[PDB]
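Asker: Chains as they are written, first to last, in PDB author numbering: chain C, 59 to 101; chain Z, 1 to 148; chain Y, 1 to 148.
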Amino acid sequence: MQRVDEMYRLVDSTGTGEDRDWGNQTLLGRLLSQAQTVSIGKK
Amino acid sequence: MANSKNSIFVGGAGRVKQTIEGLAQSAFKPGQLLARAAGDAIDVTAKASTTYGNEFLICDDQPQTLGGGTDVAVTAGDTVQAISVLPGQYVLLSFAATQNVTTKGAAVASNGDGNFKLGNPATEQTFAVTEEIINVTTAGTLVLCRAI
Amino acid sequence: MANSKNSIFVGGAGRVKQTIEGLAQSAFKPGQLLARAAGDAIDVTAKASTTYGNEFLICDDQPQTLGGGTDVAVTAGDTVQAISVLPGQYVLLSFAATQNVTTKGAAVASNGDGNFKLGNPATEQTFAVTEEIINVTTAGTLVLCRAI
C-alpha cells in the first residue's frame with residue numbers, strides 16, 4: 059500500500075518512450091532483406 | 001499530554017474557518033503571522049511591532065495528505081493554505097522566548113519576526129487574548145489564544 | 001467583463017447581511033460610506049479622515065423592484081436600505097480618483113467625501129482590506145474589499 063503523505067496522488071507507471079521519425083529506415087529495410095550472407099572473417 | 005496541540009484551528013464546534021490561499025516565498029512554520037505581498041505570494045510579515053492596520057492572517061497547518069502537521073514547515077514556492085481569523089475564535093498562536101503567561105486575558109501583540117508576544121496595549125496593535133496559563137522558553141511554542 | 005459588479009454585497013454563500021434602515025437626506029450612490037444623524041435620517045458621512053470610532057456603514061443597492069442598481073442613485077427623502085458590515089465579509093466599496101491597487105492586502109481608509117482611499121494605517125481608521133488588483137482613475141468605481 060501507500061503511506062498517508064501520499065494519498066493525494068495516484069500514479070500509473072505504464073511508460074511511453076519516444077517516436078522514432080517519419081520514413082526512418084525505408085532504404086535500409088530493403089537492402090538488408092535482399093542481402094547475401096557471407097562468412098565472418100572475410101573482410 | 002492532556003492538552004494535545006495537533007491542529008492550529010481549535011475555535012469551536014460550529015464555527016468554520018476563513019481560508020486565504022496564495023503562493024509561498026519562504027519555509028515558515030504553522031502558527032506564525034503572515035502578510036500578503038505583490039503578485040499573489042505570502043510570506044512572513046517582517047513589519048514593525050508598532051504598526052496598526054494589519055490583518056490577522058496566520059498560517060494554517062497543511063493537510064494530512066500532503067505531509068502537514070503543527071511542526072512540519074511548508075515547502076517553498078507552493079500553495080500555502082492560510083487562515084484569516086474572525087473576532088471571537090480560538091487559535092493556536094506561536095510565541096517568542098522568555099515570557100510567561102500568568103493571567104487569562106492579557107493582550108497579545110505581534111513581534112517583528114512573525115511570532116507573538118505580550119506587549120503593552122498602548123503602542124501596538126492588539127490581535128488576540130490569552131487563554132492558557134503556561135510559561136514558554138523556546139521560541140516556537142503553541143499557546144491557545146482567543147482572537148477578540 | 002468576467003468580473004460582473006452588479007451587487008454590492010458579495011461576501012460568501014452562507015453569510016447573510018445586517019441591514020440598517022433609515023431615512024435619506026441626499027441622493028448618494030450605492031457603495032459609499034454613510035453616517036446616521038439626528039432624527040432617523042442617513043446621509044453621507046462628511047467627517048474627517050483621521051477620526052476613529054466610525055461604524056462600517058455602506059449604502060446597499062436598492063431592490064430590483066424599486067429601480068435600484070449599482071449605479072442608480074437613491075431618491076431623496078425616502079427609506080434607504082443600508083448595510084452594516086461584519087468583520088470577515090467581502091463588499092464592493094467605491095474609491096476616489098488617482099490611486100492604483102497593486103498588492104492584495106493593503107489598508108483601506110476613508111476619504112472625507114464618502115469614498116475610500118489607500119491611506120497610511122497609522123493616523124486613520126482602517127476599515128477593510130483590498131482583494132482585487134485594478135487601477136482606477138474615475139471617482140466612483142467599485143473595488144472588491146474584505147472587511148477585516
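C-beta: ideal position from N, C-alpha, C; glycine also.
In terms of residues, what are the limits of the alpha helix (DSSP H) holding Z/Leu142?
Answerer: Against the second sequence, residue 142 of chain Z aligns to sequence position 142. It is not in any alpha helix (DSSP H) - Z/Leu142 instead sits in the beta strand (DSSP E) that spans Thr141 to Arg146.
Asker: Do Y/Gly119 and Z/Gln18 have their CB atoms nearer than 9 Å?
Answerer: Position 119 of the third sequence, counted from the first residue, corresponds to residue 119 of chain Y. Position 18 of the second sequence, counted from the first residue, corresponds to residue 18 of chain Z. For Y/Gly119 and Z/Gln18, no; Cβs fall outside 9 Å.
Asker: Counting Cβ pairs closer than 8 Å, one from the segment 131 to 148 of chain Z and one from the segment 50 to 59 of chain Y, do we hit at least three?
Answerer: no
Asker: If we ignore side chains and look at the alpha-carbon of each, how far apart do residue 118 of chain C and C/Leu68 end up?
Answerer: Nothing can be reported for residue 118 of chain C, as the shown portion of chain C is limited to 59 through 101.
Asker: Near Z/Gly112, which residues of its chain fall below 8 Å by C-beta distance, leaving aside the five closest residues on each side in sequence?
Answerer: Residue mapping note: residue 112 of chain Z aligns to position 112 of the second sequence, counting from 1. Non-local beta-carbon contacts of Z/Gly112 in its own chain, meaning distances under 8 Å to residues more than five positions away in sequence, involve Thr45, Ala46, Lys47, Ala48 and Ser49 in chain order.
Asker: Using 8 Å as the threshold, is the segment 5 to 25 of chain Y in touch with the segment 93 to 101 of chain Z, meaning 3 or more CB pairs across them?
Answerer: no
Asker: With a Cβ-Cβ cutoff of 9 Å, do Y/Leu23 and Y/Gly114 count as a contact?
Answerer: Here residue 23 of chain Y refers to the residue found at position 23 when the third sequence is read from its first residue. Here residue 114 of chain Y refers to the residue found at position 114 when the third sequence is read from its first residue. Result no, Cβ atoms of Y/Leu23 and Y/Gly114 do not sit closer than 9 Å.
Asker: Kindly examine the ligand COA and report whether one of its heavy atoms sits closer than 8 Å to the Cβ of Z/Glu21.
Answerer: This structure lacks the ligand COA; in fact it carries no ligand of any kind.
Asker: Give me the subset of the segment 66 to 80 of chain Z whose CB atoms are less than 8 Å from a CB atom of chain C, sorted by chain position.
Answerer: So the close ones are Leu66 and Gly67.
Asker: Along chain Y, in chain order, which residues have C-beta atoms closer than 7 Å to that of Z/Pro87?
Answerer: For the purposes of this step, residue 87 of chain Z is taken as residue 87 along the second sequence, with counting starting at 1. Those within 7 Å of Z/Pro87 in chain Y are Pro87.
Asker: Can you confirm whether Y/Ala107, when its beta carbon is compared against all beta carbons of chain Z, has any partner nearer than 9 Å?
Answerer: Within the third sequence, numbered from 1, the residue matching residue 107 of chain Y stands at position 107. Yes, because at least one Cβ of chain Z sits closer than 9 Å to the Cβ of Y/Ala107.
Asker: Given this structure, state the Cα-to-Cα distance separating Z/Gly69 from Z/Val85, to the nearest angstrom.
Answerer: Numbered from its first residue, the second sequence carries residue 69 of chain Z at position 69. Numbered from its first residue, the second sequence carries residue 85 of chain Z at position 85. Cα to Cα, Z/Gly69 sits roughly 19 Å from Z/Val85.
Asker: How long is the line joining the alpha carbons of Y/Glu21 and Y/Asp43, rounded to whole angstroms?
Answerer: Taking the first residue of the third sequence as 1, we reach residue 21 of chain Y at position 21. Taking the first residue of the third sequence as 1, we reach residue 43 of chain Y at position 43. If I take the Cα positions, the gap works out to 12 Å.
Asker: Could you tell me which residues DSSP pairs with Z/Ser94 in its beta bridges?
Answerer: Within the second sequence, the letter at position 94 stands for residue 94 of chain Z. Beta-bridge pairing links Z/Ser94 to Z/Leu142.
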